[PDB]
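Enquirer: Only the shape, not the letters, is given here:
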C-alpha cells in the first residue's frame, strides 16, 4: 500500500539517494523539477567525481522547470547517467537523452516519446505574437538539444517531432536517445 | 422577456417597417445573422431607400461581425449607422462602416476602438498558424478603419494598440462618425 | 403571475398584453435593472411613440436601481432627441442611472409618487489587467463620472460642485427632498 | 382566428386569453407571492389599465403575499392611493410585511380577509456590507423607511404611532378577526351571501 | 405540451387547451404541490366559475401531496365563500393540505375514486433565529395546527380530540376508510352505478 | 499505519522482504514498488522477495517499469495474489519468478487487452492507435512467454475480459501454485 | 514525490551550505520563507555569500519587494542564480542580486513586464488604486534601471509588454552578469 | 515545508523550525491576513517572549493586508501590555489593521524597509437583518472607527481631524511618506548604516 | 532526539512542542475562535490537566471568541467552576455570546479585559424544522436555556435577572470599561506594570 | 487551535499530546458525533486501560449528540465487558446514543456537570428500495428501538413502557431531571 516505508539506523527514497539514485516520477513541474535539482546539487557536494543515477518515468510537463534539470545535469561535476523505467515522454525524453554520453539506459519494456512543444495563450494580437515567437525559439532550442545528444541532423529531429512520435527502447537506442537497453543485471553489456 | 406588441407586429418588426434595424448587445453568430437577414429583407423591399442601423454593442466575434460589415457594403441601399449607447470593438467598426456622410451618434455615446483579441492552445506549429492569421486580421481591420476614417494606417495602428475610448465629439473629429445629433428638430441636416 | 391579456373585439378578435395595451396610452415603463435589453426596449417604444405621434407627450414610468451606464445614456439621449416631451414618473425607486433618467424628463413634467426612493451616486466600475490598461479605464470612468454629474447639474440647476459633493457617497432622498433638489418638479399623491 | 383560451399563459407575450385576463375583465387583480419589481409593476400596470377603463368603478385587489422589496411594494401602495377608483383589498391566504401594508392600504371600509388568512406585521429588513461611512448612510435610510412605514400603518389602522412601533418590533402574526380588531382590515368575510 | 380542442363559438371557432375545455364543464384541477402558483390558479378558476354561474356545482378534482398551508387555506376559504357548491373528487393522492381541501368540499359532494390514497397529518414548519422569535413562530404554528384540526373536525364530524390523536403522525387511509372517517362522502367506481 | 517511532507496519514487513502493490497501478504506486525492489536487492541479492499483489491494474507504462525491474534485479521476485490481479495486476503476477507465482484460493485473476483513449486530428488518432496495437502485441507476447501459451491463444483469450479463479489461473500458467495453508 | 532525508530534509541540508530557493509563485508564504532564511543565514555568519536559486513566474509585488529589500538590507552578498524561469517579480529578484554575482543557467527563460492589478468599486476608489499601481510601475522600473544600467526610458519601453529573453540576451541587457554552462 | 535548523542545547541537540530559530532572537512575524488564527499565534509568541525576558526588545516583522479588527486589536493591546518594547518592521505590506499594528510599535522603534507599502483606511463591516439590529451594528462600527482613529492619532502625533480625513478612503503611502506622517520612525535600507 | 520546537503544530499528533505547549507550562490556556465541540473539549482537557498538575495555582484563560455551541460552551463554564484552581479570564479581542459568558464566568475578582476588546451579550440563537409537536419541544427547550444563561449572567455580574433579560433581548456591544461597569469583568488592564 | 504537547523529561525527552497525557490518568473522552472512527478509538482506550490496570476505574467524559447506533453499542458493550468500572461524566451534551452511553456507566458512578443537556429519543433511520427490503429494514429498526429502550429501562430502573412513552419524541432534560429519572446518579458542581 501507498506511503513511503521506513528503514533502521529514513524513507526508501532517502535510502536509495544514499547510493546516488535520484527519481523523476510523474509530471515535470516546479515542485518536481526543484526537488531533482536539490538532489543533484546535494550529491555533487557529497562527492563531485562519483556518478549519479537519474531514473526517469515521466510524461514531461513544464519546459522552463525541466530545462532547469537539464541545465543542472550538464553544469554539475558528476556524470548524470539516465535510465528510463517506464515512460519518457516530451520533456521526460529530453532529460533521458540529456544524460552523460554513453551512460543513458532504458529497461526493455519502456516507452519513449518525442514531440514539439505545447503552449497556449489568450489576449491581444500583439501579445499572442510575442508568445508565439517565444514558443518557436524554444521549439528550435529543444530540437537543437536533441540533435546534439542524438547524433541526428537538425532537420531529422524536426521532421521526427512534428507529431508525437513513439518509440520502443530498441528503437530509441537505434535513434540515439539512449545508448543501451538492459534486461538483466547479470547479463553482459549489450 | 416581453416584447410589446403593436398593429399585428412585435415592436422591432414595426420599426423594421421604417427601415430601422438594431444591433444590441454582443456580436455573435445569432445576433449578426439577424442583422444580415434584416438587411437582405430591407433591400428586397426597396433596394433604393436608406436603412437606419442603430448600434449599441460592446462588440464580439470578428467573423460574425465582418459578415454584417460586408453585407452593409454589398446591399444597394446606403446603411446609415447611429450610435445609441456604446460602439466598442466590432461595434465601432460597424458604426464607422456606415454610408459616407450618414454615420451619427447621440451626444452621450461611448465609442472605443482596439486591436483584436484571440486565444489558442496546442502545438507550436498551430500556434504559429493562428498567430499569423490573427495578425492578418489585425492589419485588415486597421485598413478598414483607415479607409472609413481617412486616417493614416500608422495612425490607426498606434491608436488601436490599447483600448481607446472616445466621446461622440472626439469620434467625429477622428472620422469614425460624421455627425453628433442631439435633437431631431435642430440642424445640420 | 405573468402579464395578462386584453381581448379587443374587431370587425373577430385581437389580443394585447397589458403593457402593449398601455403603450397605446403613450405609457412606457422602465422596471428593474438598466441593461442593453431593457434600455433598448425603452428606446424602441420611444421611437415608436414618436412615429405614431411626434407631438403628444409620453409618460415614462420609472422603477429602477440603475445599471449599465452606456445602455442608460442611450435612453437619456433618445429622450432628448425625440420630438415628444417625455414626462417621467417615479413609481418605487429611482437610483443611480434610474435617478438620471428621472431627472432627464421634460422641464416641469418630472414626477414622483409620494413614497418613492430617489438615490444619486458616482459610478461603479471594475477592471483587471496591466497598469497601462488600468490607467486607460480609470481615466475613462472619471470622464464618465464628470459627464453624469454635468447632466444632473443641468436638469437640477445645482452647481456642478454641489452635484460632485452630494454624489461622492450614496445619497438617498425622499420625494419631497428630490423635488427640493431639482431632481423632479412635482410630488403627486392623487390624480385630482 | 378568435383568440385561444387557456388556463394560464406560459409567457408574457403568449397570444392567448387566460383566467387572469378573464378576471381582469371583472376588475379583479392579484398580487400572488413575493413583492419584487416584476410582480409589483404588473399590479401597477393593471391598476392604471383599470382606471383608464373606468375611473369610477371599484377594483378588487386580492392579496396572498409574504412581502418582499419595500420600494417595489411602496409603488403599489402609492398607485392604489393615486388612482381615482377605490381599491378594495382582500386577503386570500397570507398578507405579511409589505403584503399586510398593501392590504391595510385599501380603500376605507373596503378592506377584507377570508376567515383563515394569516396577517403579519413587522419592521423592515435590510443588509449592507462596506465602509463604515456607507453603513451609516444605509442605516439612517432604513430607519427613515421604518418610521414612514409605521406612519402609514398608523394612518390606515387608526392605531397611534407608538402602538405600531411597539407591535412591529418583532414579527406579529394575527388571525383575520385580530387584524380586523387592530384596524388592518374592516371586515372578515366567510361567504358571499352574508 | 398540452393538447388543444377547437369548438364552434359561431363565432365561428375558438381553440381551448384541454384544461380550458374541461373548465367549460365546471371542472377544475389541483394537481401536484400546493403552492402560491397552484393555489392562486385554482382560486382564479373558482372565482371565474362563480361569475359564469353562481348556482351550478363545480367539480374540483384533487391529486396533491399538499404543500403550503397559507396558499391552501386561501383555496379552502374560497371554496366556502363562493356561491356554488364545490364537489371534491380525489383522483390519486390527497395528502396533508390536499386532504384538507378534499374534506372541505360541499356536504354530501366529496368523492374519491377507489384506489386513491388519503393521508392526514399535523403541520410542518421551521424557523431559525433568536429564542424570542422561535417562540413567536412556535406559538403561531400551534395556532395553525389547532385551527386546521378544528376544520377537519367540522367537516368529518369527528371530535376535536380524535382529530388531534389521528393527525399526530402521518395517517394513511384507503378511500373506503376515508369515507368511514368522514373525509369524503362516497367512493365511486363507475359513472353509471 | 501502525506505528512505532525510532517502523510502520509496511516498513517492518519490508524487513522480511515483503512488498505490496495494493490498489491501482499508477506512477506513484509503481515507483514505490520499484524503490523497494531495488532496496531489497542491495540488502541481499540471493534471498527471495515476496511481492503481494491486490490490484485492478492501471497505467501500462508505470506497471511495465515494475515488470522490467522485476526481471532486471538479482533476487527472485515471488508473486502472491491476495485478492485481485486484473489487467496490469495479472501481468505483474504472471511475471513473477518461475516456480514462484502463487495465489491464495479466493483471489480473482483477470486478463484483457489494453484500454486507452485519444482525441484529436485523424493523423494523431492514427499515431496513437498504431501505438496501442504495438502495446497490445507486446503484452500478449509477455503473457505468452510467462504462461507457456501460444501467442494465438492469448490473443483470442484476452479479446474481452476473462475472469479466472485461482485453480484456473494455475492451469492456464498465469500462476504456478494455489496455496491454502502455511503448512504445505 | 515528497522531500528526502539526509538528520535533515534535503532543503534544510542545502540551507546549512547557504543555499536558498524561491520556487514557484511569489506570495506572502513563499516570500516570508525566503526572508526568514536570509535573516537566519546572516545571523549565522554576516560575511559569507548566500546563494539564492530562483525559478519563479513572479506573483505578489508587495511580498516580492519585501524579499528584494531584505536582500539589499542584510550584510551578506546575495548571489542570484536562475534555474528555470525568472518572470516578473522573478526577474526583479534575479536582477537585484549582488553586483557581479547574478547568474543564469544557459536555457533559462527571463521575462520582464509592467505590473498587473485590478480593482472594482466607486470611481473615486478605482482612481486611488490606479494611481497606486502607477507608482509601483515607476518604482519597479527605477529598480530595474538601477540594477541593469539601462536608462529609465529604455526600461519603460521594453516592459510595456511581456519581454522574454534568453540567458545571453538577459546578460547583455544587464539583468544578470554571467551565464554559467558548467563547473560546480 | 518549513526548513529546519539544528542547535546544540548541550543537551545535546534540538531541531527548530526556521521560525522557532528566529524566535530565539526575539523575532516574530505577522505574515498575511489578520484573523483569529494569525492574531493568536502572534499574541502567544509575544507572551512567550515576555516570559523569557521582560526587558529585552522584541522585533515584530509585519507583512499584512490587515483583516479582522477584533483579532488585530488583541495583538495591538498585547503589544502595549507586555513589558518588552515591541519594535515593528514593515517588510512588504502594512495595510489596514496591518498599518495600525506597525504604528503601535514602541516609540522610536517603528521601522520600514524602503519599498514597503503602507495603507490606512476606515473599517469595513456588514450586517443584515431587522432595522433595529442594523442600527445597533452601525452604532458599534462607528465607535470602532472612532477608537481606531484615536489610536492612529495617538501614535502618529496627527490631530484626530486629520486622521479622520486621511482614512475616509484607502490612503497608500511609500515608506518615507509613512515616516513623515508619523506611522513609523525610520526607513532603513542597510544593516550597517 | 530531544523534542523539536516549532511555532505551531500542523496536526494534533505531531511530536513537536509548540508555542501553545510552552505557554500551557505557564498555566496559560486559549479559547480562540468559535466555541464548538472541538475547541471546547480542548479547553476542558487543558483545564483538567492543569488542575492535575497543581490544584492550588491559578489558571489564565485567555478568551477571543464570537461564541458558538451553547452545550459545548456550558461544559467549559462548568469545568471552570468544578476544578479547584481559580480560573482567571482575560479578554484579548472579542468576547461575544458564549464567549462573554465564559469571560464573566471567571473567578471572582480575576476577570480581565485588555483595553480595546469588544464584549457582546445576547439571547441564544437556534433553529428547528419539523412537525409542530417537535417545534414546540425545541422552543420550550431554548426558552429554558435562555432563562438559565440569563441567571448565570445575573449571578456573576451582580445585575438582577430582569436587567440581564432586558439588556440581552438584542445584541448588546460593550467596550471594556462598560463591561467592567456592568460586572462582566472586574478590571480593565492596560499594561503589566500598573 | 490544535491539541498542545507536554514534554516529559526522561533519563532526554518524551512528547505527549494533552489527550495522551490524560489517558495516563485513566481519562477517556467521547466528543462529538458517534461514528465508527470515534467509537472504535474509545473502545481501544478502554481495552488499553483495562490491560494497564484491570481493577482501577476509568473516567469516561461524554459530550456527544449521538450518531451511529452500531458503533455506539460496541462502546456500550465494551463498557460492560471490561473489568474496570467505567464512570461516566457528562460535560456539555449527552443526546441520543450519547445519553445511552452516559446511562450505561457503572452503578453509582454516573455523573453530570450542572449545565449539561441530556436528551433521549427513539432511533432515526432511512432506507429506499423494494417494499420487501423496506419491510426488512423497518422490522430491524423497530427491534433496535426496542433493545435501546430495554437498555435505558435497565440502567434507569424505569419500566420499559415509561421509556417508550418518554422517548417517542425528543425529550430534553436538565442534569437534575436526568438524575431524578435515573439516567445518572449525581449532579456535581465542585470538586470538594
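Expert: Received the coordinates, thanks. Numbering: from 1, shown residues only, chains lettered A, B, ... in the order given.
Enquirer: name the helices or strands packed onto the longest strand belonging to chain A?
Expert: Within chain A, and with DSSP state E defining each element, the longest strand by residue count is strand A:80-89. Under the contact definition 3 or more CB pairs under 8 Å, 6 or more residues apart in numbering or on different chains; DSSP states H and E, strand A:80-89 sits against strand A:52-58, helix A:91-97, strand A:104-106, strand A:111-114, helix F:27-43, helix F:60-72. In this view, the C-beta of every residue, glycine as well, is placed from N, C-alpha and C.
Enquirer: Might you report the residue contacts of the residue nearest to residue A:176 when sequence neighbours are not counted?
Expert: Nearest-residue entry for residue A:176: residue A:150, 3.6 Å, with adjacent residues in sequence omitted and distances by CB to CB, 6 or more residues apart in numbering or on different chains. Counting by CB atoms under 8 Å, 6 or more residues apart in numbering or on different chains, residue A:150 touches A:97, A:157, A:175, A:176, A:177.
Enquirer: Could you do residue A:32 as well?
Expert: Contact analysis of residue A:32 by CB under 8 Å, 6+ apart lists A:24, A:25, A:26, A:58, A:61, A:65, G:1.
Enquirer: Against chain J, how distant is the closest residue to the second one other than its chain neighbours?
Expert: Sequence neighbours aside, residue F:31 is the residue nearest to residue A:25 in space, at 4.5 Å (criterion: CB to CB, 6+ apart). Distance check for residue F:31 against chain J: by CB to the nearest CB, to the nearest Å, it reads 30 Å.
Enquirer: measure residue F:31 to chain I for me?
Expert: In this structure, residue F:31 lies at 25 Å from chain I, with CB to the nearest CB as the measure.
Enquirer: so how far does stretch A:55-69 reach from one end to the other?
Expert: Stretch A:55-69 has an end-to-end distance of 13 Å (criterion: CA to CA, to the nearest Å).
Enquirer: what would the contacts of residue A:150 look like in JSON lines with neighbour count?
Expert: What follows is the contacts of residue A:150, written out as JSON lines (neighbours: other CB atoms under 10 Å in any protein chain shown):
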{"residue": "A:97", "neighbour count": "23"}
{"residue": "A:157", "neighbour count": "21"}
{"residue": "A:175", "neighbour count": "20"}
{"residue": "A:176", "neighbour count": "18"}
{"residue": "A:177", "neighbour count": "28"}
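Enquirer: quick check, nearest of those to chain C?
Expert: Checking the contacts of residue A:150 against chain C by CB to the nearest CB gives residue A:157 as the nearest, at 37.3 Å.
Enquirer: Identify the residues contacting the closest one.
Expert: Residues near residue A:157 by CB under 8 Å, 6+ apart: A:143, A:146, A:147, A:150.
Enquirer: Just give me the neighbour total for the third one.
Expert: I take that to be residue A:147. A count of nearby residues for residue A:147, using other CB atoms under 10 Å in any protein chain shown, gives 17.
Enquirer: if I pick it, what's in contact with it?
Expert: Remark: with contacts taken as CB under 8 Å, 6+ apart, residue A:147 is in contact with A:153, A:154, A:156, A:157.
Enquirer: By neighbours, which of those residues wins?
Expert: residue A:157 (21 neighbours).
Enquirer: quick one: residue A:33 and chain C, what's the gap?
Expert: Residue A:33 is 29 Å from chain C, by CB to the nearest CB.
Enquirer: no wait, residue A:7
Expert: Counting by CB to the nearest CB, the gap from residue A:7 to chain C is 51 Å.
Enquirer: With residue A:87 instead?
Expert: Summarising the geometry, the distance separating residue A:87 from chain C, computed by CB to the nearest CB, is 39 Å.
Enquirer: For that residue, name its beta-bridge partners.
Expert: Here residue A:87 sits in beta bridges with residue A:111, as judged by DSSP bridges.
Enquirer: Also residue A:22?
Expert: Applying DSSP bridges to residue A:22, the residues it is bridged with are residue A:54.
Enquirer: neighbours around it, how many?
Expert: Residue A:22 is flanked by 23 other residues according to other CB under 10 Å.
Enquirer: Would you confirm that it contacts residue A:56?
Expert: No: counting by CB atoms under 8 Å, residue A:56 is not a contact partner of residue A:22; they are 9.5 Å apart.
Enquirer: List the contacts of the most centrally placed residue in chain A.
Expert: The geometric centre of chain A, computed from its C-alpha atoms, lies nearest to residue A:95 (CA atoms, centre = their mean), at 1.9 Å. Taking CB under 8 Å, 6+ apart as the criterion, residue A:95 is in contact with A:24, A:28, A:54, A:56, A:58, A:66, A:69, A:70, A:73, A:82, A:88.
Enquirer: try residue A:122
Expert: Taking CB under 8 Å, 6+ apart as the criterion, residue A:122 is in contact with A:128, B:117, B:118, B:119, B:120.
Enquirer: try 10 Å
Expert: Counting by CB atoms under 10 Å, 6 or more residues apart in numbering or on different chains, residue A:122 touches A:128, A:131, B:117, B:118, B:119, B:120, B:121.
Enquirer: what's the answer for residue A:112, then?
Expert: A:84, A:87-89, A:92-93, A:96-97, A:106, A:165-169, A:171-173, A:175, A:177-178.
Enquirer: count of residues packed around residue A:33?
Expert: Look at residue A:33: counted by other CB under 10 Å, it has 29 neighbours.
Enquirer: And for residue A:159?
Expert: Applying other CB under 10 Å, we find 12 residues neighbouring residue A:159.
Enquirer: can you check the one 4 residues further on too?
Expert: Here the neighbour count serves as a burial measure; for residue A:163 (other CB under 10 Å) it reads 19.
Enquirer: That one reaches residue A:115, doesn't it?
Expert: Yes: with contact defined as CB atoms under 10 Å, residue A:163 and residue A:115 form a contacting pair (6.8 Å).
Enquirer: How about stretch A:181-190, which residues are buried there?
Expert: The neighbour-count criterion (16 or more other CB atoms under 10 Å in any protein chain shown) identifies A:181, A:182 as the buried residues of stretch A:181-190.
Enquirer: Good, wrapping up.
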